[PDB]
Amino acid sequence: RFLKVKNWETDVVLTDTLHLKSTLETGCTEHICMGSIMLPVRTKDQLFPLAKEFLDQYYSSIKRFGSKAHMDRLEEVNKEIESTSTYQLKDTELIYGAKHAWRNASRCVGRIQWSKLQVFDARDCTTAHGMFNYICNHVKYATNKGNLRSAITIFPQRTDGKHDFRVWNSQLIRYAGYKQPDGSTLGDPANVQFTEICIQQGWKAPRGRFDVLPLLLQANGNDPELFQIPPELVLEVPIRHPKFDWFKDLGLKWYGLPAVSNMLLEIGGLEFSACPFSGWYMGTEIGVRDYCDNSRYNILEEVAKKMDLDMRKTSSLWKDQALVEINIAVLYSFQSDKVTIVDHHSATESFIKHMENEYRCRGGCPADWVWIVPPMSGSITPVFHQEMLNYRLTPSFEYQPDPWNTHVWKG
Amino acid sequence: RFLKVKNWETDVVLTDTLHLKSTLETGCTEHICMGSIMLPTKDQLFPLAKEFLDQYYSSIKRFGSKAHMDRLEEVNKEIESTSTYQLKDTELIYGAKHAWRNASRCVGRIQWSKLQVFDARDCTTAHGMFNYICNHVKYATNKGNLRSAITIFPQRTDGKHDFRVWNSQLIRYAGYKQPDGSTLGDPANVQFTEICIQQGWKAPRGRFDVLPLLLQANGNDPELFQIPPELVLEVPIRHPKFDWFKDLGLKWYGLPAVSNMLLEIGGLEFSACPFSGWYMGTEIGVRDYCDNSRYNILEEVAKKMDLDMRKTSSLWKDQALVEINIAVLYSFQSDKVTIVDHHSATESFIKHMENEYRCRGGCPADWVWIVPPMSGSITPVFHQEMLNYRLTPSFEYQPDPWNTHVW
Ligand code: HEM
Ligand code: HEM
Ligand SMILES: CN(C)c1cccc(CNCc2ccc3ccc(N)nc3c2)c1
Ligand SMILES: CN(C)c1cccc(CNCc2ccc3ccc(N)nc3c2)c1
Ligand SMILES: C[C@H](O)[C@H](O)[C@H]1CNc2nc(N)[nH]c(=O)c2N1
Ligand SMILES: C[C@H](O)[C@H](O)[C@H]1CNc2nc(N)[nH]c(=O)c2N1
Ligand SMILES: [Zn+2]
């Protein structure tokens, strides 16, 4: 079965065969599309076919399919499973798997970079203190004084579900949020619940608008432990506007390293519940979502007041006007301080080229339009007019429940 | 099977029951979502009729009444006899209003019950269609105080006697390919414009030439008519701050009147059913003026604003985009022509969605289409989960009539 996608701006048609390799489900049926739904312990029974499928993919990619090395590895893994109910990936396989998980991330617009990923093997890690050391090293390497490098650190795989490694923070670097008694919020509203957990675990909160949260690290199923990331490792950028001198007096800043740490990495049936990864920011992530979402820092009105825009009627497009100026500021501040960042025009243009290249060399590129299209100026970017097929390949990054909802407390 | 949708901005949750009435298919499977693909007999007829009649009588609280049963057999008798059937006026109005109500891609559905239905099923000729269309245009335009309307021509019989309006909208600007390689006017309309010249239109070869109507009655060959100029309300585009903007020479028409869709009610197919509402500002400002495949004026505007167009990261496109859209909204308002901004429209849709969940058990919605083409996430629909599914009565697309017409 062959599927065609059309770009309605350029009339380029592409043919997808890669979807034929899809295993997991979408959430959609013939009668309903759930494409805008945000969120749509494993036996040896199911495990070997998963291993086999991954190992076949791996050996094809190195052009060694059906080789003796390939057959011996299958046998090796087979025996290791039936004798121990799981298995260990070689480093070459871990690296391949991590890269491919990113490559398969249908909601990620930055995938042109997928083959350049520094993989840090942290599978010999046994304690929270060890996790901390690994994570400091990840942050220092990835940050690289502003010249950001993509990296992932991979902690040991789930075994029985009772000895999970988990990073409790959703991002390695995030600002605290504090609910005030008057109902207002100080800092990042998104992180209120997590900030509370930290405080309860003994964190002394500075209680400012931009307090970098501590790491809450769970090793081997044990209760999580708190650690302060060394401040000298946390690169931050103060936000100013190139034309508006009052902008810097808004007091805004943001960190340079986006490092997602709450996802689950699935490779060949193995589940890596702690696998923090990091790239660099697309400017709208900060400028549109972090600053201008009503449920986040919510600075639109305040910026609009200072620009003296007509705020009496939405038809003045004041919100749209302020949003642009804020996003110009974010890009400018990052470039002036020489911290890697990409605007949404450059990033979407790169993605379209990535996507076309993938169709030729791979037979497809799963993409989730709802997420690929930037949250401002959607239709003047080349992805808007681009039809996309969404489906799930493995290896993959998956969501997992927040660890405080599942963790069995030791005390 | 009972579905919940969350709004991630307000934490509001709604439970969808309405989807368990979905009849048509979406183009998605458990293995592949096609959410962003733009276009994914007597025995067929009676269950369709029955399904429709059932919900109609249910809406008038007469489900299972004698009049319900009577109508059901009356229509049943008619299908057996005539191989088709005719809707009563009441059913026609209900059908048309519900087709709009069910239009999952339409952000303006809060207005769905306030639709004027013009019954043109007694039309027989292209000249008649022209008269009905002119009356529709004048009624809907209403000196700028726009009113929603639909005009419904005879239903399809054997497919050889189709009523079709060949234009995609009642009111559109022509498109001419130049020997200089460029395109003059609206590039979206080059083909249709050539077909007009082929059928004998005398083109003024301008940039904003109102296309003539190509009207096909009873399966016959299409005829040309020119809409009376005085019925076509247009708006010159100026900016409330940039004096130079008017020199771009831009205008747009006030009436968005989609004419190429197929209205399906109770299995019957109305292949000519032009309808009209009023514009959301971004339709003209973002898509019409700024799409590369359209009038594509971003670069021009940016230049006149003296922005740095060397680097994408100065967001000059974004700046010019806002300004163009300010101008559109400003112009329409200044001329007292109805228009709605994307903030107002999306906020109305959220209200409507909640009402529909509250009063109907759901509201089919296509996020890819509901979210405006600019400033997506600063409007409330962005953070709103939506379920997309197909209900009937419905509007559907249908092939351009020239790829199908036996000349
Ligand atoms: C290097 C530059 C990168 C850029 C500019 C980038 C950009 C983005 C953006 C804009 C999103 C949308 C998420 C949102 O807006 O909330 C996203 C999602 C995602 N990214 Fe990338 N990314 C980059 C690197 C990476 C790397 C290194 C990985 C993993 C190894 C990755 C994996 C993912 C995944 C799995 C998602 C889906 C998140 C979800 O489903 O919630 N990205 N990325
Ligand atoms: C009265 C004000 C109205 C507003 C503000 C409005 C708004 C919109 C918008 C913005 C779209 C997106 C289309 C695009 O971007 O190309 C749309 C689509 C649509 N509208 Fe509405 N509309 C209105 C009236 C109507 C009426 C009166 C009808 C039918 C009786 C209707 C039926 C539809 C349908 C069927 C679509 C989807 C068409 C497609 O699939 O291409 N709308 N509408
Ligand atoms: C609360 N919430 C929705 C949330 C919480 C933590 C983190 C995020 C952002 N996740 C989206 C994402 C994932 C990977 C990325 C990789 C690189 C990059 N520049 N941005 C990414 C954003 C959301
Ligand atoms: C053939 N094709 C894709 C096409 C041709 C002409 C016009 C259109 C636009 N269709 C979108 C639409 C439909 C109904 C609307 C009602 C009101 C309004 N303001 N806008 C609408 C846009 C598509
Ligand atoms: C590929 C995609 O379906 C196409 O570009 C869509 C995207 N969303 C849209 N949304 C609206 N309202 N109108 C459109 O024409 C489109 N185009
Ligand atoms: C309802 C919808 O799925 C949700 O709000 C999505 C929309 N698209 C998005 N796109 C990106 N890049 N990031 C997001 O968080 C979201 N949120
Ligand atoms: Zn789908």
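Proteins get letters first, then strands, A, B, ... in listed order; numbering begins at 1 in each. One-based numbering, in listed order, for ligands and for the atoms of each.
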May I ask you to establish whether B/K114 and B/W112 are in a cation-pi arrangement, using a distance under 6.0 Å from NZ or CZ to the six-membered ring centre and at most 45° from the ring axis? no

Judged by modelled atom types alone, do A/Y175 and A/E236 share a side-chain donor-acceptor pair under 3.5 Å? yes

Taking atom types as modelled, find out whether B/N388 and B/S104 have a side-chain donor-acceptor pair closer than 3.5 angstrom. yes

With no hydrogens and no angle check, do the side chains of A/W254 and A/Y281 hold a donor and an acceptor under 3.5 Å apart? yes

Hey, does A/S150 have a side-chain heavy atom less than 4.5 Å from the side chain of A/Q118? no

Indicate yes or no: does B/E356 engage B/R101 in a salt bridge with an N to O separation below 4.0 Å. yes

Between B/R390 and B/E396, does any NZ, NE, NH1 or NH2 come within less than 4.0 Å of an OD or OE carboxylate oxygen? yes

Taking the six-membered ring of B/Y139 (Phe, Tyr or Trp), confirm whether the NZ or CZ of B/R147 is under 6.0 Å from its centre and within 45° of its axis. yes

Tell me, yes or no, whether the heavy-atom count around A/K179 atom NZ, taken from other residues, nucleotides or ligands under 6.0 Å, exceeds 12. no

If you define the side chain from C-beta out and look only at heavy atoms, does anything of A/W168 sit under 4.5 Å from A/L213? no

Mind listing the N or O contacts between ligand 2 and protein, cut-off under 3.5 Å?
unit_1: ligand 2; atom_1: 40 (O); unit_2: B/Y397; atom_2: OH; d: 2.3
unit_1: ligand 2; atom_1: 41 (O); unit_2: B/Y397; atom_2: OH; d: 2.6
unit_1: ligand 2; atom_1: 42 (N); unit_2: B/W100; atom_2: NE1; d: 3.4

Min side-chain heavy-atom separation B/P380-B/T346 under 4.5 Å: yes

With the criterion set at N/O pairs under 3.5 Å, what does the list of contacts between the protein and ligand 3 look like, atom names and distances included?
unit_1: ligand 3; atom_1: 19 (N); unit_2: A/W280; atom_2: O; d: 2.8
unit_1: ligand 3; atom_1: 19 (N); unit_2: A/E285; atom_2: OE2; d: 2.8
unit_1: ligand 3; atom_1: 20 (N); unit_2: A/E285; atom_2: OE1; d: 2.6
unit_1: ligand 3; atom_1: 20 (N); unit_2: A/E285; atom_2: OE2; d: 3.4

List, one per line, each side-chain donor-acceptor pair under 3.5 Å for residues 366-378 of chain A, sequence neighbours excluded.
unit_1: A/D368; atom_1: OD1; unit_2: A/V370; atom_2: N; d: 3.3
unit_1: A/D368; atom_1: OD2; unit_2: A/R107; atom_2: NE; d: 3.0
unit_1: A/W369; atom_1: NE1; unit_2: A/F384; atom_2: O; d: 3.1
unit_1: A/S377; atom_1: OG; unit_2: B/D318; atom_2: OD2; d: 2.5

Just to be careful: counting only protein atoms that are N, O or S, how many fall under 2.8 Å of the Zn ion (ligand 7)? 4

Check: B/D186 side chain, B/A188 main-chain N or O, donor-acceptor pair, under 3.5 Å: yes

